[PDB]
Amino acid sequence: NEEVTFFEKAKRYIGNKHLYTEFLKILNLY
Amino acid sequence: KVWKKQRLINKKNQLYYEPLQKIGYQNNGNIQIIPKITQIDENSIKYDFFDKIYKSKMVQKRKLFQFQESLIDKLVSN
Amino acid sequence: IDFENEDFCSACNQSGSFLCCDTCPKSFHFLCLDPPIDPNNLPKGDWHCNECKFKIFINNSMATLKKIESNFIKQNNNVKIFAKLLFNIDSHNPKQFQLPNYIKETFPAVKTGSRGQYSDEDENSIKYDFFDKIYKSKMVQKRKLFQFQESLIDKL
Amino acid sequence: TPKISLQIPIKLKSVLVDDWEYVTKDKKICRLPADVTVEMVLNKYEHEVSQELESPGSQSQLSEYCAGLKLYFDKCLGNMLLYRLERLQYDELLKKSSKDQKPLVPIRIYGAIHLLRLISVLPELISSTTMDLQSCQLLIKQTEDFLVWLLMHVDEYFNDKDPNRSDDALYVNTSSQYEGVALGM
Amino acid sequence: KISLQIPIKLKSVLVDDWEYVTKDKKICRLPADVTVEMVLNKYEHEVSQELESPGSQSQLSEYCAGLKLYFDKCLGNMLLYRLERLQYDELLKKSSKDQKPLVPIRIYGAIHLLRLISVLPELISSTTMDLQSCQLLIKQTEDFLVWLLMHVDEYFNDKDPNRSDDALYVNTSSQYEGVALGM
Ligand SMILES: [Zn+2]
Ligand SMILES: [Zn+2]
């Protein structure tokens, strides 16, 4: 719910695709 | 402990492997994101991070629970 | 090559009135097809088993095979777990049923015959997080119930 | 390609061997349709599991597993699950559904005995493919969990309670045509 | 033209070394814990325990002793990077001051053995050896590589010398740098 909103806000704010890939890589490493 | 990343095993020789299971496959930290390097999708990692978060909150709650229950045992002993 | 068709129903290794393929020696009873065939309505033309159908459609090309199976497993974006298996059914011909081997040798008083006789002597994410939070709330309330039972038995 | 074994408890093999005698010697067939289809029991199980799982990922695993299990029961029910005789019953429902102008739905009709058969034959099926090891072990674990639950709840779906009441016998005695076709006449 | 197909992970380990004794300026800590002799004795012991044919084990022990002696005689000539040569010389000085003639096999680690193996194709193809003999050598060293890759994380683990201890590598002082590189 609001966490889907979290990840959509991230996808929009971080903006570029590559940087969102990097965010997800960090998240997966954790 | 040490590294979580391979080198660039570039060319034709490298083998990309798509998983058959996307929720609890762990396998490495050498992931490759798509719409032995183990490909995965964004929603999968979404689920896996939610799993980490909720298991972590559950185990934190359980640690507080065992803490408080040992506290209550040592209190009722008194 | 005009090969010989198996006089035993390849699905049930028994003889009878069976339909046979023109590209492989496999022959099958009328009831063994999936779904089984009606003998009054026999197909007009060359008849083949499921294996030959797959062999001619994929044209024995591994690249086309991998392409189609990849496309199908992508189509199983909700049932991906059983995708690899489900892609195997529609490629091969049928066989009859026998329980596994280790199940046979658990009890000795049961025996088999050569005939097969056995005798005794998106919105999904919202829903999933909702299930998460509802079960978590239930569990923390049950923990507080544990605590309250404890506090009442120890105060009383 | 991988090598595995499924550690089934013994009472399940007992139920299967009892079904084996009732299907192979005494000529009894699954009373089609049963009152409780496989759809009902599988929806019941999946509803009885995810309400015990905290994590969203485990629940997604559960739901995908149950959906794939229904799909596999349907796709295999007529191929390799039924013995030489009862395939007549399958062909009978074949004709009936051909006259009904409705696509075939094997789950909403049958009982869970051929589902238990599917579970039993799972080893060779899953081993015959090139599946990687981790997913193999995970699906094995899921099957073991399902069989623990089924062992807990055997009697609701596989016990013939009050065998003096033949109307609750999951297997009806075969009519003359069933043995006429089963003996090859 | 013979070719030796090392597994990829050991190629990565070799390149990792090739950086370590290059632009990070570390060297191999000596005497290491697992020398060459312990490696090969363990290999031969484990493989003779499973092998039943006599000639198999004869060629096994022959390969072992031969690789040993050739490493022993070639280490000084062509297995050392530029930066390491000084440590080599200092070891010779210490041995000759202590009156124990130097054996490379009882001081040097396994990474030099991987260096040797990686060289081996050129070593053989520069010669006039028999085709069957060089072929059996390739098959043999390949089986050695396999047994080594089964245990690759017993020897080639990473430990970051700058923080805890006893990493496979150590750092050099600026004086050692100056003498070895810029003599
Ligand atoms: Zn047949
Ligand atoms: Zn055919």
# chains A, B, ... in the order shown; residues from 1 in each chain; ligands from 1
call {"tool": "residues_around", "arguments": {"residues": "residue 31 (chain E)", "least_positions_apart": "2", "cutoff": "10 Å", "atoms": "only C-alpha atoms", "output": "ChimeraX atom specification"}}
result
/E:28-29,33-35,106-109
call {"tool": "write_last_selection", "arguments": {"atoms": "N, CA, C and O atoms", "output": "JSON list (two decimals), in the first residue's frame"}}
result
[["chain", "number", "residue", "atom", "x", "y", "z"],
["E", 28, "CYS", "N", 54.00, -11.30, -1.18],
["E", 28, "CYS", "CA", 53.56, -12.54, -0.56],
["E", 28, "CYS", "C", 54.23, -12.72, 0.79],
["E", 28, "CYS", "O", 55.46, -12.68, 0.89],
["E", 29, "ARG", "N", 53.43, -12.93, 1.83],
["E", 29, "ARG", "CA", 53.99, -13.14, 3.16],
["E", 29, "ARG", "C", 54.62, -14.52, 3.24],
["E", 29, "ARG", "O", 53.99, -15.51, 2.87],
["E", 33, "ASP", "N", 51.60, -20.52, 5.12],
["E", 33, "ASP", "CA", 51.13, -21.65, 5.90],
["E", 33, "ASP", "C", 51.07, -22.92, 5.06],
["E", 33, "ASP", "O", 51.36, -24.01, 5.56],
["E", 34, "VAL", "N", 50.68, -22.80, 3.80],
["E", 34, "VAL", "CA", 50.53, -23.95, 2.92],
["E", 34, "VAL", "C", 51.50, -23.76, 1.77],
["E", 34, "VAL", "O", 51.22, -23.03, 0.81],
["E", 35, "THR", "N", 52.64, -24.44, 1.84],
["E", 35, "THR", "CA", 53.68, -24.33, 0.85],
["E", 35, "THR", "C", 53.29, -25.16, -0.37],
["E", 35, "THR", "O", 52.15, -25.60, -0.50],
["E", 106, "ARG", "N", 59.59, -25.30, 0.34],
["E", 106, "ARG", "CA", 59.19, -25.30, 1.73],
["E", 106, "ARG", "C", 59.01, -23.90, 2.31],
["E", 106, "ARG", "O", 58.87, -23.76, 3.53],
["E", 107, "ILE", "N", 59.01, -22.87, 1.47],
["E", 107, "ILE", "CA", 58.72, -21.51, 1.89],
["E", 107, "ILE", "C", 57.59, -20.90, 1.08],
["E", 107, "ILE", "O", 56.68, -20.28, 1.63],
["E", 108, "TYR", "N", 57.62, -21.07, -0.24],
["E", 108, "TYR", "CA", 56.73, -20.35, -1.12],
["E", 108, "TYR", "C", 55.33, -20.96, -1.13],
["E", 108, "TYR", "O", 55.17, -22.17, -0.97],
["E", 109, "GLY", "N", 54.33, -20.11, -1.32],
["E", 109, "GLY", "CA", 52.95, -20.53, -1.29],
["E", 109, "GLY", "C", 52.49, -21.15, -2.59],
["E", 109, "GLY", "O", 53.26, -21.43, -3.51]]
call {"tool": "residues_near_ligand", "arguments": {"ligand": "ligand 2", "cutoff": "10 Å", "atoms": "only C-alpha atoms and all ligand atoms", "output": "number ranges by chain"}}
result
C: 5, 10, 19-28, 47-53, 92-93
call {"tool": "residues_around", "arguments": {"residues": "residue 64 (chain E)", "least_positions_apart": "6", "cutoff": "12 Å", "atoms": "only C-alpha atoms", "output": "PyMOL selection string"}}
result
chain E and resi 36-45+47-48+57-58+70-71+137+140-141+144
call {"tool": "closest_atom_pairs", "arguments": {"of": "chain C", "to": "ligand 1", "cutoff": "9 Å", "atoms": "only C-alpha atoms and all ligand atoms", "output": "JSON lines"}}
result
{"residue": "C:8", "atom": "CA", "partner": "ligand 1", "partner_atom_place_in_ligand_line": "1 (Zn)", "distance": 8.1}
{"residue": "C:9", "atom": "CA", "partner": "ligand 1", "partner_atom_place_in_ligand_line": "1 (Zn)", "distance": 4.8}
{"residue": "C:10", "atom": "CA", "partner": "ligand 1", "partner_atom_place_in_ligand_line": "1 (Zn)", "distance": 7.1}
{"residue": "C:11", "atom": "CA", "partner": "ligand 1", "partner_atom_place_in_ligand_line": "1 (Zn)", "distance": 5.4}
{"residue": "C:12", "atom": "CA", "partner": "ligand 1", "partner_atom_place_in_ligand_line": "1 (Zn)", "distance": 4.7}
{"residue": "C:13", "atom": "CA", "partner": "ligand 1", "partner_atom_place_in_ligand_line": "1 (Zn)", "distance": 7.2}
{"residue": "C:14", "atom": "CA", "partner": "ligand 1", "partner_atom_place_in_ligand_line": "1 (Zn)", "distance": 6.6}
{"residue": "C:15", "atom": "CA", "partner": "ligand 1", "partner_atom_place_in_ligand_line": "1 (Zn)", "distance": 7.8}
{"residue": "C:16", "atom": "CA", "partner": "ligand 1", "partner_atom_place_in_ligand_line": "1 (Zn)", "distance": 7.9}
{"residue": "C:17", "atom": "CA", "partner": "ligand 1", "partner_atom_place_in_ligand_line": "1 (Zn)", "distance": 8.9}
{"residue": "C:18", "atom": "CA", "partner": "ligand 1", "partner_atom_place_in_ligand_line": "1 (Zn)", "distance": 7.3}
{"residue": "C:27", "atom": "CA", "partner": "ligand 1", "partner_atom_place_in_ligand_line": "1 (Zn)", "distance": 8.5}
{"residue": "C:28", "atom": "CA", "partner": "ligand 1", "partner_atom_place_in_ligand_line": "1 (Zn)", "distance": 5.2}
{"residue": "C:29", "atom": "CA", "partner": "ligand 1", "partner_atom_place_in_ligand_line": "1 (Zn)", "distance": 3.5}
{"residue": "C:30", "atom": "CA", "partner": "ligand 1", "partner_atom_place_in_ligand_line": "1 (Zn)", "distance": 6.5}
{"residue": "C:31", "atom": "CA", "partner": "ligand 1", "partner_atom_place_in_ligand_line": "1 (Zn)", "distance": 6.0}
{"residue": "C:32", "atom": "CA", "partner": "ligand 1", "partner_atom_place_in_ligand_line": "1 (Zn)", "distance": 5.0}
{"residue": "C:33", "atom": "CA", "partner": "ligand 1", "partner_atom_place_in_ligand_line": "1 (Zn)", "distance": 8.4}
{"residue": "C:95", "atom": "CA", "partner": "ligand 1", "partner_atom_place_in_ligand_line": "1 (Zn)", "distance": 8.4}
{"residue": "C:96", "atom": "CA", "partner": "ligand 1", "partner_atom_place_in_ligand_line": "1 (Zn)", "distance": 8.0}
call {"tool": "write_last_selection", "arguments": {"atoms": "N, CA, C and O atoms", "output": "short mmCIF file (atom, residue, chain, number, x, y, z; two decimals), in the first residue's frame"}}
result
data_model
loop_
_atom_site.label_atom_id
_atom_site.label_comp_id
_atom_site.auth_asym_id
_atom_site.auth_seq_id
_atom_site.Cartn_x
_atom_site.Cartn_y
_atom_site.Cartn_z
N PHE C 8 1.85 -53.53 -29.14
CA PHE C 8 1.39 -53.20 -27.80
C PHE C 8 1.07 -51.71 -27.76
O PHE C 8 1.80 -50.91 -28.34
N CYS C 9 -0.01 -51.35 -27.10
CA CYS C 9 -0.34 -49.94 -26.93
C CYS C 9 0.78 -49.28 -26.15
O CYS C 9 0.96 -49.55 -24.96
N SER C 10 1.54 -48.41 -26.82
CA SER C 10 2.73 -47.81 -26.22
C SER C 10 2.44 -47.14 -24.89
O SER C 10 3.34 -47.04 -24.04
N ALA C 11 1.20 -46.70 -24.67
CA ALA C 11 0.84 -46.13 -23.38
C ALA C 11 0.59 -47.20 -22.33
O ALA C 11 0.89 -46.97 -21.15
N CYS C 12 0.07 -48.36 -22.72
CA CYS C 12 -0.28 -49.41 -21.76
C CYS C 12 0.36 -50.76 -22.08
O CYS C 12 -0.03 -51.76 -21.48
N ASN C 13 1.33 -50.80 -23.00
CA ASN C 13 2.11 -52.00 -23.32
C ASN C 13 1.22 -53.24 -23.52
O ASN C 13 1.65 -54.37 -23.28
N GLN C 14 0.00 -53.03 -23.99
CA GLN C 14 -0.94 -54.11 -24.25
C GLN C 14 -1.46 -54.02 -25.69
O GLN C 14 -1.43 -52.96 -26.31
N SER C 15 -1.93 -55.15 -26.20
CA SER C 15 -2.40 -55.24 -27.57
C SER C 15 -3.90 -55.01 -27.66
O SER C 15 -4.63 -55.21 -26.68
N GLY C 16 -4.35 -54.59 -28.84
CA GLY C 16 -5.77 -54.38 -29.08
C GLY C 16 -6.00 -53.73 -30.43
O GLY C 16 -5.19 -53.89 -31.35
N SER C 17 -7.11 -53.01 -30.54
CA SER C 17 -7.36 -52.14 -31.69
C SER C 17 -6.82 -50.77 -31.33
O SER C 17 -7.42 -50.05 -30.53
N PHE C 18 -5.68 -50.40 -31.92
CA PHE C 18 -4.98 -49.19 -31.52
C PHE C 18 -4.63 -48.35 -32.73
O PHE C 18 -4.45 -48.86 -33.84
N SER C 27 2.29 -46.91 -30.96
CA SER C 27 0.87 -47.14 -31.15
C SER C 27 0.16 -47.06 -29.80
O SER C 27 0.72 -47.46 -28.78
N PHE C 28 -1.07 -46.55 -29.81
CA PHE C 28 -1.78 -46.29 -28.57
C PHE C 28 -3.23 -46.73 -28.69
O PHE C 28 -3.84 -46.60 -29.75
N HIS C 29 -3.79 -47.23 -27.59
CA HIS C 29 -5.21 -47.56 -27.55
C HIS C 29 -6.06 -46.32 -27.84
O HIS C 29 -5.58 -45.18 -27.76
N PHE C 30 -7.33 -46.55 -28.15
CA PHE C 30 -8.23 -45.44 -28.44
C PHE C 30 -8.47 -44.58 -27.20
O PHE C 30 -8.73 -43.38 -27.31
N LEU C 31 -8.40 -45.18 -26.01
CA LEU C 31 -8.70 -44.50 -24.76
C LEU C 31 -7.50 -43.75 -24.19
O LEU C 31 -7.68 -42.94 -23.27
N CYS C 32 -6.30 -43.97 -24.72
CA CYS C 32 -5.07 -43.43 -24.15
C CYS C 32 -4.78 -41.99 -24.57
O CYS C 32 -3.99 -41.32 -23.90
N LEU C 33 -5.39 -41.51 -25.65
CA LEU C 33 -5.12 -40.16 -26.11
C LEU C 33 -5.55 -39.14 -25.06
O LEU C 33 -6.26 -39.45 -24.09
N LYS C 95 1.43 -42.10 -21.21
CA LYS C 95 1.67 -43.40 -20.58
C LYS C 95 0.64 -43.60 -19.48
O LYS C 95 0.02 -42.64 -19.01
N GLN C 96 0.45 -44.85 -19.07
CA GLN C 96 -0.50 -45.11 -18.00
C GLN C 96 0.16 -44.93 -16.63
O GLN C 96 1.34 -44.57 -16.52
#
call {"tool": "closest_residue", "arguments": {"among": "D:70, D:183, D:60, D:156", "to": "chain B", "atoms": "only C-alpha atoms"}}
result
D:60
call {"tool": "residues_around", "arguments": {"residues": "region 84-89 of chain E", "least_positions_apart": "4", "cutoff": "9 Å", "atoms": "only C-alpha atoms", "output": "VMD selection string"}}
result
chain E and resid 21 26 to 28 76 80 93 to 94 176 179 to 181
call {"tool": "write_last_selection", "arguments": {"atoms": "N, CA and C atoms", "output": "mmCIF file, in the first residue's frame"}}
result
data_model
loop_
_atom_site.group_PDB
_atom_site.id
_atom_site.type_symbol
_atom_site.label_atom_id
_atom_site.label_comp_id
_atom_site.auth_asym_id
_atom_site.auth_seq_id
_atom_site.Cartn_x
_atom_site.Cartn_y
_atom_site.Cartn_z
ATOM 1 N N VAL E 21 50.585 -7.510 -6.769
ATOM 2 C CA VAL E 21 52.038 -7.334 -6.765
ATOM 3 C C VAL E 21 52.395 -6.251 -7.777
ATOM 4 N N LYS E 26 51.885 -4.740 -2.798
ATOM 5 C CA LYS E 26 52.002 -5.747 -1.760
ATOM 6 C C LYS E 26 52.906 -6.881 -2.228
ATOM 7 N N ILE E 27 53.277 -7.753 -1.292
ATOM 8 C CA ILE E 27 54.063 -8.938 -1.605
ATOM 9 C C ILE E 27 53.496 -10.125 -0.841
ATOM 10 N N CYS E 28 54.002 -11.304 -1.178
ATOM 11 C CA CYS E 28 53.557 -12.541 -0.561
ATOM 12 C C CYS E 28 54.228 -12.720 0.791
ATOM 13 N N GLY E 76 63.381 -19.071 -9.270
ATOM 14 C CA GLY E 76 64.274 -17.929 -9.336
ATOM 15 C C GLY E 76 64.304 -17.308 -10.715
ATOM 16 N N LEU E 80 58.824 -14.638 -10.728
ATOM 17 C CA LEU E 80 58.767 -13.529 -9.788
ATOM 18 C C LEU E 80 58.570 -12.223 -10.536
ATOM 19 N N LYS E 93 70.245 -14.473 1.327
ATOM 20 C CA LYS E 93 71.198 -14.017 2.335
ATOM 21 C C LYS E 93 70.957 -14.704 3.669
ATOM 22 N N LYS E 94 69.699 -14.755 4.111
ATOM 23 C CA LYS E 94 69.397 -15.371 5.398
ATOM 24 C C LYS E 94 69.736 -16.852 5.403
ATOM 25 N N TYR E 176 61.908 -0.601 1.105
ATOM 26 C CA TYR E 176 61.836 -1.812 0.301
ATOM 27 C C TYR E 176 61.384 -1.494 -1.115
ATOM 28 N N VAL E 179 64.404 0.241 -2.961
ATOM 29 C CA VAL E 179 65.475 -0.658 -3.368
ATOM 30 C C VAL E 179 65.005 -1.602 -4.466
ATOM 31 N N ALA E 180 63.879 -2.291 -4.253
ATOM 32 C CA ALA E 180 63.450 -3.319 -5.195
ATOM 33 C C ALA E 180 63.113 -2.726 -6.557
ATOM 34 N N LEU E 181 62.226 -1.727 -6.602
ATOM 35 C CA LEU E 181 61.849 -1.150 -7.891
ATOM 36 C C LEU E 181 62.937 -0.249 -8.444
#
call {"tool": "closest_atom_pairs", "arguments": {"of": "chain C", "to": "chain D", "cutoff": "7 Å", "atoms": "only C-alpha atoms", "output": "CSV"}}
result
residue,atom,partner,partner_atom,distance
C:31,CA,D:87,CA,6.7
C:34,CA,D:79,CA,6.0
C:36,CA,D:91,CA,6.5
C:78,CA,D:64,CA,6.4
C:79,CA,D:68,CA,5.5
C:81,CA,D:68,CA,6.9
C:82,CA,D:68,CA,5.6
C:94,CA,D:79,CA,5.5
C:95,CA,D:80,CA,5.5
C:96,CA,D:80,CA,4.8
C:97,CA,D:80,CA,4.9
C:99,CA,D:121,CA,6.8
C:100,CA,D:121,CA,6.2
C:103,CA,D:13,CA,6.2
C:117,CA,D:24,CA,6.0
C:118,CA,D:21,CA,6.2
C:119,CA,D:21,CA,6.1
C:128,CA,D:56,CA,5.2
C:129,CA,D:56,CA,5.9
C:132,CA,D:54,CA,4.8
C:135,CA,D:54,CA,5.9
C:136,CA,D:54,CA,6.0
call {"tool": "select_by_dssp", "arguments": {"residues": "region 8-55 of chain B", "states": "alpha helix (DSSP H)", "output": "list in words"}}
result
residues 42, 43, 44, 45, 46, 47, 48, 49, 50, 51, 52, 53, 54 and 55 of chain B
call {"tool": "residues_around", "arguments": {"residues": "residue 142 (chain D)", "least_positions_apart": "4", "cutoff": "9 Å", "atoms": "only C-alpha atoms", "output": "ChimeraX atom specification"}}
result
/D:61-62,65,137-138,146-147
call {"tool": "interface_residues", "arguments": {"of": "chain B", "to": "chain C", "cutoff": "7 Å", "atoms": "only C-alpha atoms", "output": "PyMOL selection string"}}
result
chain B and resi 20-21+76
call {"tool": "interface_residues", "arguments": {"of": "chain E", "to": "chain B", "cutoff": "12 Å", "atoms": "only C-alpha atoms", "output": "ChimeraX atom specification"}}
result
/E:7-9,11-13,15-16,157-160,164
call {"tool": "write_last_selection", "arguments": {"atoms": "N, CA and C atoms", "output": "compact mmCIF listing (two decimals), in the first residue's frame"}}
result
# COMPACT_ATOMS: atom_id res chain seq x y z
N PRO E 7 40.09 -23.37 -15.38
CA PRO E 7 38.81 -22.83 -14.93
C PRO E 7 38.82 -21.33 -14.75
N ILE E 8 37.66 -20.69 -14.87
CA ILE E 8 37.63 -19.23 -14.88
C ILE E 8 38.00 -18.68 -13.51
N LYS E 9 37.54 -19.32 -12.44
CA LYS E 9 37.79 -18.77 -11.11
C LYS E 9 39.28 -18.68 -10.81
N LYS E 11 41.61 -18.25 -13.11
CA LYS E 11 42.09 -17.12 -13.91
C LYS E 11 41.81 -15.81 -13.19
N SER E 12 40.65 -15.69 -12.55
CA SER E 12 40.35 -14.50 -11.78
C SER E 12 41.29 -14.35 -10.60
N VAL E 13 41.58 -15.46 -9.91
CA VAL E 13 42.54 -15.40 -8.80
C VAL E 13 43.91 -14.95 -9.29
N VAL E 15 44.60 -13.05 -11.92
CA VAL E 15 44.60 -11.62 -12.23
C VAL E 15 44.56 -10.81 -10.94
N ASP E 16 43.87 -11.32 -9.92
CA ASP E 16 43.86 -10.65 -8.63
C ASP E 16 45.26 -10.53 -8.04
N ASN E 157 41.68 -17.59 0.05
CA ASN E 157 40.74 -16.66 0.66
C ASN E 157 41.39 -15.29 0.86
N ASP E 158 40.54 -14.27 0.99
CA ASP E 158 41.00 -12.90 1.14
C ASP E 158 40.84 -12.44 2.58
N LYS E 159 41.82 -11.67 3.06
CA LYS E 159 41.81 -11.27 4.46
C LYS E 159 42.19 -9.82 4.74
N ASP E 160 42.55 -9.02 3.73
CA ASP E 160 42.78 -7.59 3.93
C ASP E 160 43.87 -7.31 4.96
N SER E 164 43.55 -6.93 10.17
CA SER E 164 43.48 -7.91 11.24
C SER E 164 44.78 -8.69 11.42
call {"tool": "atom_distance", "arguments": {"atom1": "CA of residue 132 (chain E)", "atom2": "CA of residue 10 (chain E)"}}
result
26.2 Å
call {"tool": "closest_atom_pairs", "arguments": {"of": "chain A", "to": "chain C", "cutoff": "9 Å", "atoms": "only C-alpha atoms", "output": "CSV"}}
result
residue,atom,partner,partner_atom,distance
A:1,CA,C:126,CA,5.0
A:2,CA,C:126,CA,8.8
A:3,CA,C:129,CA,8.7
A:4,CA,C:126,CA,7.7
call {"tool": "interface_residues", "arguments": {"of": "chain A", "to": "chain B", "cutoff": "7 Å", "atoms": "only C-alpha atoms", "output": "number ranges by chain"}}
result
A: 27-29
call {"tool": "atom_distance", "arguments": {"atom1": "CA of residue 74 (chain E)", "atom2": "CA of residue 143 (chain E)"}}
result
22.4 Å
call {"tool": "select_by_dssp", "arguments": {"residues": "chain C", "states": "strand (DSSP E or B)", "output": "VMD selection string"}}
result
chain C and resid 9 14 18 to 20 27 to 29 110 to 112 118 to 120
call {"tool": "decode", "arguments": {"residues": "region 114-127 of chain C", "atoms": "N, CA, C and O atoms", "output": "PDB file, in the first residue's frame"}}
result
ATOM      1  N   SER C 114       2.604 -58.809 -13.725  1.00  0.00           N
ATOM      2  CA  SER C 114       3.124 -58.300 -14.989  1.00  0.00           C
ATOM      3  C   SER C 114       2.063 -57.554 -15.785  1.00  0.00           C
ATOM      4  O   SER C 114       2.407 -56.831 -16.726  1.00  0.00           O
ATOM      5  N   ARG C 115       0.793 -57.711 -15.429  1.00  0.00           N
ATOM      6  CA  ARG C 115      -0.293 -56.975 -16.056  1.00  0.00           C
ATOM      7  C   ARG C 115      -0.541 -55.630 -15.379  1.00  0.00           C
ATOM      8  O   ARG C 115      -1.285 -54.803 -15.914  1.00  0.00           O
ATOM      9  N   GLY C 116       0.120 -55.365 -14.256  1.00  0.00           N
ATOM     10  CA  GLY C 116      -0.146 -54.178 -13.477  1.00  0.00           C
ATOM     11  C   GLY C 116      -1.140 -54.366 -12.357  1.00  0.00           C
ATOM     12  O   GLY C 116      -1.631 -53.370 -11.811  1.00  0.00           O
ATOM     13  N   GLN C 117      -1.452 -55.607 -11.996  1.00  0.00           N
ATOM     14  CA  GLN C 117      -2.393 -55.884 -10.922  1.00  0.00           C
ATOM     15  C   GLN C 117      -1.706 -55.739  -9.568  1.00  0.00           C
ATOM     16  O   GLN C 117      -0.619 -56.284  -9.352  1.00  0.00           O
ATOM     17  N   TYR C 118      -2.330 -54.992  -8.659  1.00  0.00           N
ATOM     18  CA  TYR C 118      -1.787 -54.770  -7.321  1.00  0.00           C
ATOM     19  C   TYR C 118      -2.722 -55.394  -6.297  1.00  0.00           C
ATOM     20  O   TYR C 118      -3.859 -54.939  -6.129  1.00  0.00           O
ATOM     21  N   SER C 119      -2.245 -56.430  -5.616  1.00  0.00           N
ATOM     22  CA  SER C 119      -3.062 -57.160  -4.658  1.00  0.00           C
ATOM     23  C   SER C 119      -2.391 -57.192  -3.295  1.00  0.00           C
ATOM     24  O   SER C 119      -1.159 -57.185  -3.193  1.00  0.00           O
ATOM     25  N   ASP C 120      -3.212 -57.236  -2.251  1.00  0.00           N
ATOM     26  CA  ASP C 120      -2.750 -57.437  -0.887  1.00  0.00           C
ATOM     27  C   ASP C 120      -2.922 -58.900  -0.497  1.00  0.00           C
ATOM     28  O   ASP C 120      -3.992 -59.486  -0.676  1.00  0.00           O
ATOM     29  N   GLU C 121      -1.854 -59.487   0.034  1.00  0.00           N
ATOM     30  CA  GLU C 121      -1.852 -60.903   0.383  1.00  0.00           C
ATOM     31  C   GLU C 121      -2.888 -61.209   1.463  1.00  0.00           C
ATOM     32  O   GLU C 121      -3.998 -61.649   1.167  1.00  0.00           O
ATOM     33  N   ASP C 122       1.338  -4.312  -8.367  1.00  0.00           N
ATOM     34  CA  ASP C 122      -0.078  -4.250  -8.709  1.00  0.00           C
ATOM     35  C   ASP C 122      -0.950  -4.497  -7.483  1.00  0.00           C
ATOM     36  O   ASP C 122      -0.472  -4.440  -6.350  1.00  0.00           O
ATOM     37  N   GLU C 123      -2.236  -4.769  -7.723  1.00  0.00           N
ATOM     38  CA  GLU C 123      -3.166  -5.009  -6.623  1.00  0.00           C
ATOM     39  C   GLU C 123      -2.768  -6.229  -5.804  1.00  0.00           C
ATOM     40  O   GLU C 123      -3.087  -6.304  -4.609  1.00  0.00           O
ATOM     41  N   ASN C 124      -2.074  -7.183  -6.424  1.00  0.00           N
ATOM     42  CA  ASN C 124      -1.581  -8.340  -5.688  1.00  0.00           C
ATOM     43  C   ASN C 124      -0.632  -7.918  -4.575  1.00  0.00           C
ATOM     44  O   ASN C 124      -0.674  -8.472  -3.471  1.00  0.00           O
ATOM     45  N   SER C 125       0.226  -6.930  -4.842  1.00  0.00           N
ATOM     46  CA  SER C 125       1.139  -6.448  -3.811  1.00  0.00           C
ATOM     47  C   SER C 125       0.378  -5.807  -2.658  1.00  0.00           C
ATOM     48  O   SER C 125       0.722  -6.017  -1.487  1.00  0.00           O
ATOM     49  N   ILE C 126      -0.652  -5.017  -2.969  1.00  0.00           N
ATOM     50  CA  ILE C 126      -1.476  -4.421  -1.921  1.00  0.00           C
ATOM     51  C   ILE C 126      -2.106  -5.512  -1.067  1.00  0.00           C
ATOM     52  O   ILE C 126      -2.088  -5.447   0.169  1.00  0.00           O
ATOM     53  N   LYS C 127      -2.663  -6.535  -1.715  1.00  0.00           N
ATOM     54  CA  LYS C 127      -3.293  -7.623  -0.972  1.00  0.00           C
ATOM     55  C   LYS C 127      -2.282  -8.366  -0.108  1.00  0.00           C
ATOM     56  O   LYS C 127      -2.585  -8.747   1.030  1.00  0.00           O
TER      57      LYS C 127
END
